[PDB]
């Protein structure tokens, strides 16, 4: 069975793997270490965007945010490009999702919660969605760097899947705001070798990745069958035996996603 396949993925990669797929009418829940904690890493940026969308009129997306090179202390492929000219809230949401931009995420955190209140405010949005388990404690880049076992900056596969579900497939956002989120995740550039790699090409995939220290590799996704049946997939991993600088393994997540796709696609299941 499925738990055995997942277990062998852990042995071969020298990794801890977490997987959650909520049940549907047709399919049972897929759960493997689903209530164990894993670092968000960049996966937080999906609900971060939902939060800034939710708490503001859409005209707030055209608000220009100015920042300096002092603000860039994490990997920020888009923010670095726009440091001299600024970025609109919309552009930051775009960057946070599609390029995992760390500075963009930090600025969205300050927009939501103020200079020292951002992480508390983000965590609060999640509590407003019924998630009492997840927590964001630090900003980028430190949120990626807690030791294994530290509860700070963690979610679980279970909690982040259900959060994503509400955001994309539920009513947490009104339709015009929900489209924006969904459009950005659909145009993500960092996920091709993760959940995407385990699903056939006629299945639609939108995702938000995460990577960090101790070989952290995450992906959270909404998938659609060719007939448009939706599923939510969260895969999380770390490789803490190699220490702080352990190689993250994207192919661990592609394989877990292949095991999941095998269950969801093959109609004998």
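Residue numbers count along the first chain shown, from 1.
- The PDB entry reports B-factors from which the mean C-alpha value can be compared for 158-166 and 186-194; the larger average falls on 186-194.
- Higher average CA B factor: 23-31, of the stretches 220-228 and 23-31.
- Comparing C-alpha B-factors across 175, 130, 90, 102 in the deposited entry, the largest value falls on 175.
- Residue-level inspection of the entry shows that, of 75, 126, 120, 96, 75 has the top Cα B-factor.
- For residue 152, the recorded CA B-factor ranks within the middle third of the chain. Only modelled residues enter the ranking.
- Residue 246: CA B factor in the highest third of modelled residues in this chain (values from the PDB entry).
- Among all modelled residues in its chain, residue 239 ranks in the highest third by Cα B-factor.
- Placement of the Cα temperature factor of residue 208 within the chain: lowest third of the modelled residues, per the deposited record.
- When the modelled residues of the chain are ordered by C-alpha B-factor, residue 46 sits in the lowest third.
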